[PDB]
Amino acid sequence: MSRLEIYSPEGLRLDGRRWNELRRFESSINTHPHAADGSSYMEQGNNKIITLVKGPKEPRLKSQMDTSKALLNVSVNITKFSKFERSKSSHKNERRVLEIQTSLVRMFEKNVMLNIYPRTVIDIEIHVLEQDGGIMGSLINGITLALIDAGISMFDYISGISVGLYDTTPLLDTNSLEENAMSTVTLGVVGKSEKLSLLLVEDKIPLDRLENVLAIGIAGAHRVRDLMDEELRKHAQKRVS
Amino acid sequence: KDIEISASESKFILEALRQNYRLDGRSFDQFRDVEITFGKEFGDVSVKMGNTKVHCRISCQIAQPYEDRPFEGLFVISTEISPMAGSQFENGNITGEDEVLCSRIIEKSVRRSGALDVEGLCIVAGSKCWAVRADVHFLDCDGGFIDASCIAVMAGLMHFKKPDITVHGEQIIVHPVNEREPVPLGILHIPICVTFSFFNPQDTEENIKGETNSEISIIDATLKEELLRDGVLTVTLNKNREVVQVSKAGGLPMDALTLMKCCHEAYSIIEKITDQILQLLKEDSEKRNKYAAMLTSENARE
Amino acid sequence: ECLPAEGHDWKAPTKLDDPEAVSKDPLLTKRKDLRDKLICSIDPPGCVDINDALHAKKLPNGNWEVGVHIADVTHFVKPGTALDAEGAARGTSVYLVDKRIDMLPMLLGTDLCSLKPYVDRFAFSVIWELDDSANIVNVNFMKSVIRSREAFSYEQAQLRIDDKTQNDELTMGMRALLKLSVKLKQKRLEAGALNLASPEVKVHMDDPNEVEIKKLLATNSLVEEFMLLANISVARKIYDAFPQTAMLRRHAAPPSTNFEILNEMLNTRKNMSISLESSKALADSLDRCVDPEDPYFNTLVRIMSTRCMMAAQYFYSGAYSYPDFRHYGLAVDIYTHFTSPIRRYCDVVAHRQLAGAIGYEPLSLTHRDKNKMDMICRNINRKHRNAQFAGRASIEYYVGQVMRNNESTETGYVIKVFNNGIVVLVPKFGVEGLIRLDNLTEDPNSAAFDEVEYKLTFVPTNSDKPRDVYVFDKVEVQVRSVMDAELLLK
Amino acid sequence: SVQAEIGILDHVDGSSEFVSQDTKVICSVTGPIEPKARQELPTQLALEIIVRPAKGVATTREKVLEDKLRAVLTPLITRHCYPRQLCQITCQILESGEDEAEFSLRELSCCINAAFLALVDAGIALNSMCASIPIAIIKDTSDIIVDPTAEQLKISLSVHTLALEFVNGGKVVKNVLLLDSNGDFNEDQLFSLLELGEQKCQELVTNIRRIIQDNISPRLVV
RNA sequence: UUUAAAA
């Protein structure tokens, strides 16, 4: 937009929220019962992510097959119309995207019980229809809710939260305008614990401030877990009855 | 086409770690001694820490700036691993997860974190700028790939000198290297990478919902310690107490207290490696400028 | 590689007729052995670049043997070498306050070329033969070897001349150089020369300490007159042998436009006028523009009239006629620079041309080309103004550091008035200061500016009586540290 | 005078580093090892030659550099005694020592020597020995000079990279392995440099033999 | 587009 106030002395951010408030969280389960065994339409703020889980099934070729566990594939596709300005580049084979795809596989191959499904492959297909800051964390929450829909055994929830540091004030769930004005940290908390399966810091942060940012980060991630959990309670109860 | 590890060797190294023993004889928090070998031309740096040997080559050229940032210069880097450092690296596989994660970590440490003065690399806004390229050559692999490569690039940029340019309104004349002395690049901070390897003597189940943290963390693992590694962490700090970048994805889910402890342990390491590069660059400058005391023009009076 | 291989161990040959010395320097035979002359040096304290060296010896016919000796820089800086081109682009040494950009490496400007005492040094000597009235009888130029007996400073040479128990041949030679300088200066003032003042002030370090005004001594005019006489004598000689490409310096006459606004301020507020019919009339008029109450006011007119003076210029004789060689400030038909080759590059070219006139070494073709000489003169002229503006800014910076780090009250004179600002010149610090109207009064809306009387009426801060401030007013200024370094008015 | 070190890498069968003037090339040899499907040869040994420049990626300039180096090492190795096997020979040029865009003769001369040295340390069957030198002619005197510097190439009319093969104590020349030339020359100057290049490579293998003996002998029975 | 002198 223009030159906005990031965090006014009145504690209000550019979009109206406060320092410890999250964007609206509206998740959806089983949105593609005809295209994949797992489905999750993640709508965290303006972000709109479609996550599909095709598997566990036989691999298309017997070349790559682990006879003691499963193969976890993640396909993150950022559409050209993800932002306001239509992307001119290719995005698919981008080096920044391959880092995200790999970071997601490592994150879940330790949490997903690949041993229960030997000699199989689990394909995860992601399509980002719109992004607005904190896209990494929303990618996390989408995969979690999409595997559960597919009936894949997991040890716990994996929550994705994004935290920014503006001067001396942490900010939960940073949007695009906030990421372009401060440092950003995306966390990957496991359940109600403090175990971090992901820790990405891509901008300079003072060491004396990182610990407090992590504490407020994992605290908001637990809040993200409950919103996903309450979505599964409502989906399971209305489905049985 | 991959390294075969015997069950006997795998069990021995894990139990040795449970007794505070490493095959090479270091400690759990001892970084390998780093050695910097400067080549002939500027930007030719060879880094040797342990048996891992890496070589970096710095270059630059005139290129068009980005349309969204016309006041900044470009920074290119590509780390293609050849079978020279080991026959397990298939040549031509530029999309390898190790090569991908290495470039993205150094690119965040140098370019995104503001180590290289990109604004000083601007000649004319939105038309002409410097595109500094960092070619990293992996010579001998023994763990600590992104640790040594980050030391090589940072030692290379501080040792490299760009050609001099005089702006006459809209024209740009690149002065030959023999005509004018090249100008060194501007470096704001010195990002130094320190990796952490994690092991669990238990299992995955006792680690997800287990309060008792029995993890074993070692600083700068070797190749054999890396192949038996469970979780991996990479932090990057500078002497200004600032966290340049952090990359931890997968492996053992660790807690916040141990990750904060890794940074404070890594700061004492990067603080010493920083002063070594500043000292070894000072000694290499006096090697080339032996009679530099007589050629000084700006001299004090009385 | 262009420097001598001996480095700091370079020594002048004790025997100029030595067969081994003349094998490395065949031009040594064309060099005089003036090492028997009692030569001394008088330079400011803390000097490193010793360019000049004077001596005096009474001749048996009632005259004096006065001779200045200049550092033979051209024996080391040869044309066409990388050492020459590196000094030609610098033009002159820039003298700041803490640092000092040198035109030549310190091997030459400090040790080998500098006329250091007690050591044999190469020099380009100019020997005269003055009478009791300081009249030149015959002049001779030659490259020689000298050994400086001493190296006094201005404050040290003054004590040795004023002392009466030190009566030796070297001290008595300094006595003659004092009585001959005042006779050379008197005949110049009668010929139309100018005597302008300048706030020459310096500071001390440990880190700015304090601002101290520099004092003049009788020995300052001693060296000054013989440096002028040397430059004049060498000017006529290099022009007599190279009238097409002689390195000279001129000074055009100040137009009536420059002294227009200055005379209007002196006539409408002080009823004084500076004569412009001749250079002598300008000097004689400044001596009468003195205020009875303020003795410094006479020097203030000399400072403000210095800005009205035209800028001197380096040039080659092949671009002008002889009546255009006039130097307005010195009132001499021709002039050049020769007595400072370590500092200015103009003296480097003058030394090469003077050596060719005597027959020491043939002048290089780079100093016989009008095109090459023209481009050299435009560079050493641009490098001359840059050096002066840099020296004034370095003094202004370190003085400005004393303003914020040392709060005090000093007296200053105004030199210009505006509708919303007053410029004040302080003799204690030797720098000008602007006092804006917002930082001078509380209500700037109730002010009036009279352009015919050069006054600005306002209501001072913490005062209900409006004050009328004119030009050339002796006021007391203050300094504050109001920052979120500011001068006010008392 | 050139410098050379053998056995510098720990994860390859054979390593070497050839330094001449300003050009520095590190080579790595690993074999015999299991080849791939498209690489295995039914009767003889397969070669995987890969050279890399100091700056930038491996463009088509280094592709012809691999094909010429391949023709030098292929007849030098007894390939028939390693059936269905592979040997990786990677050459990494640390410093070019010339102009990469205008010249490429000094790097070929150092890659040949560095590869032969690494083939000796790895213990591969070699029928003979090898030596390569760069040769150019200054347009001023029009005479033949070996190992010309970087400034001597820009004034050269034609460049040459002669690779020879020596037997019987590094004296008898069995065959001329490679003689790559580009520029302006005639038949009179061809044998004028070929005769001069044969005696400059003879003292090279004599210098190579001394180097590869000061390092292999201490590792054996000593 | 600040004279002269030693720096």
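Structure determination for the deposited model, as stated in its record, used X-ray crystallography, and the stated resolution is 3.3000 Å.

Naming follows the PDB entry, where chain C appears as Exosome complex exonuclease DIS3 of Saccharomyces cerevisiae.

Chain B is annotated in the PDB entry as Exosome complex component RRP45 of Saccharomyces cerevisiae. Listed in UniProt under the heading Sequence similarities, the comment for chain B reads: "Belongs to the RNase PH family."

In terms of regular secondary structure, chain C is built from 11 helices and 18 strands. Computed over its C-alpha atoms, the radius of gyration of chain C comes to 25 Å, within 12% of the 23 Å expected for a compact globule of 490 residues. Its C-alpha atoms give chain C principal-axis dimensions of about 90 × 55 × 50 Å. Per element, the accessible surface of chain C, about 23,700 Å² overall, is 50% carbon and sulfur. Placing the 62 positive and 68 negative side-chain charges of chain C at their respective mean positions leaves the two points 5 Å apart.

Per the secondary structure count, chain B includes six helices and 16 strands. Seen through its principal axes, chain B has C-alpha atoms that stretch 70 × 50 × 40 Å. Contacts spanning at least 24 positions in sequence make up 74% of the contacts within chain B whose residues lie at least 6 apart.

On to the protein's contact with RNA strand E, then. All names here are of chain C. Around RNA strand E sit 38 residues, and of these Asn-51, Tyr-335, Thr-339, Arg-385 and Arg-392 come closest. When atoms of RNA strand E within 4 Å of the protein are sorted by moiety, sugar and phosphate together comprise 67%. Contacts to RNA strand E include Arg-249, whose side-chain N or O atom sits 2.8 Å from a phosphate oxygen. The side chain of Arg-343 places a nitrogen or oxygen atom 3.2 Å from a phosphate oxygen of RNA strand E.

Here we come to the interface of chain B and chain A. Taken together, the 40 residues of chain B in the interface contact 30 residues of chain A. In total, chain B and chain A occlude about 3,500 Å² of area from one another, counting both sides; carbon and sulfur atoms represent 56% of this. Across the contact surface, chain B and chain A share 10 salt bridges. The residue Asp-203 of chain A makes a salt bridge to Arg-112 of chain B at a minimum N-O spacing of 3.2 Å.

There is about 110 Å³ of room inside the largest cavity. In terms of lining, the largest cavity is formed by 13 residues, of which the most central are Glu-80, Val-136 and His-137 of chain B together with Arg-52 and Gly-56 of chain D. Looking at the lining of the largest cavity residue by residue, the class counts come to five nonpolar, five polar and three charged. For the second largest cavity, the calculated volume is near 60 Å³. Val-414, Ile-422, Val-424, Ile-435, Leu-440, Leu-456, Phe-458, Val-469, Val-475 and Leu-489 of chain C are the residues that line the second largest cavity. Contributing elements (two or more residues each) for the lining of the second largest cavity: β12 (421-426) and β15 (455-458) of chain C. Of the residues belonging to the lining of the second largest cavity, the class tally is 10 nonpolar, no polar and no charged.

We now examine the packing of aromatic side chains. Residue and element names in this part refer to chain C. Taken as a whole and judged by the stated rule, the model has 13 aromatic pairs over all chains. When the ring of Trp-10 is compared with that of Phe-122, the centres are 5.2 Å apart and the planes differ by 80°; the resulting orientation is edge-to-face. On the criterion of sequence distance, the pair formed by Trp-10 in the segment before α1 (21-24) and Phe-122 in strand β5 (residues 120-127) is long-range, its members being 112 residues apart. The exposure class of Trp-10 is buried, given its relative accessible area of 12%. Judged by its relative accessible area of 4%, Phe-122 falls in the buried class. Measuring from centroid to centroid gives 5.8 Å for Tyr-239 and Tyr-322, while their planes differ by 40°, and the two rings are tilted. Linking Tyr-239 in helix α6 (residues 218-241) with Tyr-322 in the loop between β10 (313-316) and α10 (346-358), this pair joins segments that are 83 residues apart in sequence. For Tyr-239, a relative accessible area of 23% translates into the label partly exposed. Judged by its relative accessible area of 35%, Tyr-322 is partly exposed. Members of the aromatic cluster, each reached through a chain of ring pairs, are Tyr-239, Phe-315, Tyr-320, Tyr-322 and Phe-325. Positioned above the aromatic ring of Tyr-320, the side-chain terminus of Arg-250 is 4.1 Å from the ring centre. Lying over the aromatic face of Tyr-470, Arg-269 brings its terminal NZ or CZ to 3.5 Å of the ring centre.

Let us now look at a nonpolar patch on the surface. Nonpolar side chains collect at one region of the surface, where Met-1, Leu-4 and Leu-177 of chain A lie side by side and expose about 310 Å² of accessible area between them. Topologically, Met-1 of chain A is positioned in the segment before β1 (25-29).

Next up on the list: the interface of chain B and chain D. Facing the 26 residues of chain B at the interface are 25 residues of chain D. The junction of chain B with chain D conceals about 2,100 Å² of combined surface from both sides, 52% of it contributed by carbon and sulfur atoms. The interface formed by chain B and chain D contains three salt bridges. Between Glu-90 of chain B and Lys-36 of chain D there is a salt bridge, with the nearest N and O atoms lying 3.7 Å from each other. On the surface where chain B and chain D come into contact, there are 10 residue pairs in polar contact. For the side of chain B that touches chain D, the elements supplying multiple residues, two or more each, are β3 (52-59) and β7 (128-140) of chain B. The leading source of residues in the side of chain B that touches chain D is β7 of chain B, at five residues.

To continue, consider the packing of helix α4 (residues 154-162) of chain C against helix α5 (residues 169-191) of chain C. All names here are of chain C. Following both chains from N to C, one finds α4 and α5 inclined at 100°, their axes separated by 9 Å at the closest point. In this view, α4 runs roughly perpendicular relative to α5, as classed from their interaxial angle. Here α4 contributes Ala-157, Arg-160 and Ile-161 to the contact with α5, which in turn contributes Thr-171, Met-174, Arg-175 and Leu-178. By residue class, the composition of the contact of α4 with α5 is four nonpolar, one polar and two charged.

Another point: the sheet that holds strand β13 (residues 431-436) of chain C. Residue and element names in this part refer to chain C. The five strands lie next to each other as β13-β12-β11-β17-β18, forming an open sheet whose pairing is antiparallel. Looking along the sheet, the strands with just one partner apiece sit at the ends: β13 and β18 (486-489). Adjacent strand axes in the sheet meet at a mean angle of 45°, parallel and antiparallel pairs treated alike. Relative to β12, strand β11 (residues 409-417) runs antiparallel, the two being bridged by four bridges. Its bridge partner lying in β12, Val-417 is registered against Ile-422. Seen against the sheet, helix α9 (residues 296-307) touches β11, β12 and β13 and runs at an angle of roughly 45° to β11.

As a further point, take the sheet that holds strand β4 (residues 99-101) of chain C. The strand order across the open sheet formed by three strands is β16(B)-β4(C)-β3(C), and the pairing between neighbours is antiparallel. Two strands close off the open sheet at either side, each with one partner strand: β16 (298-300) of chain B together with β3 (94-95) of chain C. Pairing analysis gives three bridges linking β16 of chain B to β4 of chain C, with the strands arranged antiparallel. Within β4 of chain C, the residue paired with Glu-298 of chain B across the bridge is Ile-101 of chain C.

Bringing the domain arrangement of chain C into the picture now. Residue and element names in this part refer to chain C. The domains assigned to chain C are domain 1 (1-407) and domain 2 (408-490). A straight line from the C-alpha centre of domain 1 to that of domain 2 covers 39 Å. Its largest share of buried area at the contact with domain 2, domain 1 owes to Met-265, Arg-269 and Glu-407, together 27% of the area lost on that side. Inspection of the domain 1/domain 2 interface yields three salt bridges. For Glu-407, the salt bridge is made with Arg-480, and the minimal N-O distance between the two is 2.6 Å. At the boundary of domain 1 and domain 2, one finds three residue pairs in polar contact.

Calculation notes
Residues numbered from 1 in each chain as written, not as in the entry; some residues may be left out. Chains lettered and ligands numbered in written order. Part of a larger assembly, values for the part shown. Heavy atoms only, no water. Residues with missing side-chain atoms left out of burial classes, pairs and counts. UniProt positions renumbered as here; feature names shortened; annotations may be inferred. Helix = DSSP H or I, 4+ residues; strand = E, 2+ residues; numbered from the N terminus. Rg over C-alpha atoms; globule rule 2.2 N^0.38 Å. Areas by Shrake-Rupley, 256 points an atom, 1.4 Å probe, with all protein chains shown as cover. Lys, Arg positive; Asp, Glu negative; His and termini not counted. Charge placed at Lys NZ, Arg CZ, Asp CG, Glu CD. Contact = heavy atoms within 4.5 Å. Near = heavy atom within 4 Å. Polar contact = N/O pair within 3.5 Å; in protein donor to acceptor, adjacent residues only side chain to side chain. Buried area = accessible area lost by both parts, 1.4 Å probe. Salt bridge = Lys/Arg side-chain N within 4 Å of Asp/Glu carboxyl O. 1 Å grid on protein atoms, 1.4 Å probe; cavity = no way out; pocket = protein on both sides within 12 Å on 5 of 7 lines; lining within 4 Å. Points joined across faces, edges and corners; volume = space filled by probe spheres on them. Nonpolar A, V, L, I, M, F, W, Y, C, P; charged D, E, K, R; others polar. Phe/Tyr/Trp six-rings, centres within 6.5 Å; stacked < 30°, edge-to-face > 60°. Buried < 20%, exposed > 50% of the residue type's maximum accessible area, 1.4 Å probe, protein only. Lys NZ or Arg CZ within 6 Å of the ring centre and 35° of its normal. Patch = residues over 30% accessible without salt bridge, like charges linked within 9 Å, V, L, I, M, F, W, Y side chains within 5 Å. Axes fitted to C-alpha atoms, helices over the stretch in contact; angles between N-to-C directions. Parallel < 35°, antiparallel > 145°, perpendicular 65-115°, else oblique. Pairing = 2+ DSSP bridges. Domains from an automatic or database assignment.

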